[PDB]
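One chain comes next, on its own, written out as C-alpha cells in the form deposited in one PDB entry.
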C-alpha cells in the first residue's frame, strides 16, 4: 500500500481504521486497563499514522525494500533477494520486522514512552499491511510487474470506499479470543500473519495480477484492504492486552536467535567500515560470535541497523547468557573509529538489553554491552 511521509495515505487509513474497528467491537466485559490504554493510544493517533507510513521513506531502507516482502510459503523475501547470506546473517522479511517492532513497542510502552511506543507499533503495522497486499506475499516487485504500482495506486484512490467499521464480531468472540490464547507472541504472530499473507498471495493470481480485469482489481482491493484492517485491529487488540497486564512471551522459552537493533551516532565520522562482531558468553565460559554484515553499507553515520543471530546451542535460557559485546577489527591499515549511540538486544519478543554507549570505539577493541 501507498503512504505519504506526513502520515497520510492507504497505510494511515488502515491503522486509523484498525483503532475505530477495535472501539466498535470492544466488549463490555473488557478489562478497564485495556480501555484506558486504548484512550492513551487514540491520544497518540498521529504517531501511529506516521509510523505506519515511515518505512518507505526511511533513509536507511534497503535499496529494494527487500524486508517489506515475505512469501508465506517459502518463508523468505524474494527467494533470497536482499541477497541471502550464509554463515553469519539472517535477512529480514516483512514477517520478522513485525516481530522486531512489536517488541520495541511493548518495551517503550512499559516505560511510559507512549510517543515512541505508538510510532513503533505503527511501523510493525506497516509491514503487516504490506504482507496483506496481493503483490508483496507473491514476491512480485515493481521491477517484476507494472501492475504492482498500478494496483497500489488503484487502491489509494479508492481507499475511502473500502473502509470497514467492524470485523463482524465483538472481542469476547472467536476471532479476538483466539488472539489471546497463545502466550508465545512470536509463535502466534507468525501464524496469524501467514493466514492473511496466503489470502493475499491467492488474490494476486486469481485477481490482482496484470492478467485480470478491472472489476477483478476492485474485488482484490476490497478483500485485501478489508483483511488488512481486520488483521491490524487484531494486532492492536493483542498489543493492548500485552501492555496492560505486562504479559511476557519470553518466559521459560529457549533462546534460539538474538536480534540486535543498533543506532549509530549522528556525529561526524561516527559510522565505520571495519569488521564488526557481536558476541555472547555463557555462565559456563562457552562463547559464540557472529560477524555483523547484512548489507549494503552497514554502520553508516546516524543509521539504525538490525541483525539477527542464530545460536549454535538450542537449550539456552536468557539467564544463561552471562555477557554480550560488540568487537571491532580494522579493515585496512588504519582503524576506522566507531561511535554507537545505543544498542538493544531482543530475545523471544522481549528487549533484554537497552544499552546507551555514546563513546568511540577507536580501534581493535571489545565493548561489553552486558
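Whichever C-alpha set is largest while still superposing within 1.5 Å between the two forms counts as the rigid core. Residue numbers count along the first chain shown, from 1.
Missing here is the form deposited in another entry; even so, the following discussion is about that form.
- With the core fitted between the shown form and the other one, just one of 82, 93, 265, 272 shows a Cα displacement of at least 2 Å, namely 82.
- Shown in the overlay between the shown form and the other one, fitted on the rigid core, is a CA shift at residue 202 smaller than 2 Å.
- When the rigid core is held fixed, the Cα atom of residue 67 travels 2 angstroms or more between the shown form and the other one.
- After superposition on the rigid core, the Cα atom of residue 223 is displaced by less than 2 Å between the shown form and the other one.
- In the other form, the Cα-Cα separation between residue 81 and residue 207 grows by 3 Å or more relative to the displayed conformation.
- CA of residue 74 to CA of residue 310: closer by 3 Å or more in the other form than in the shown form.
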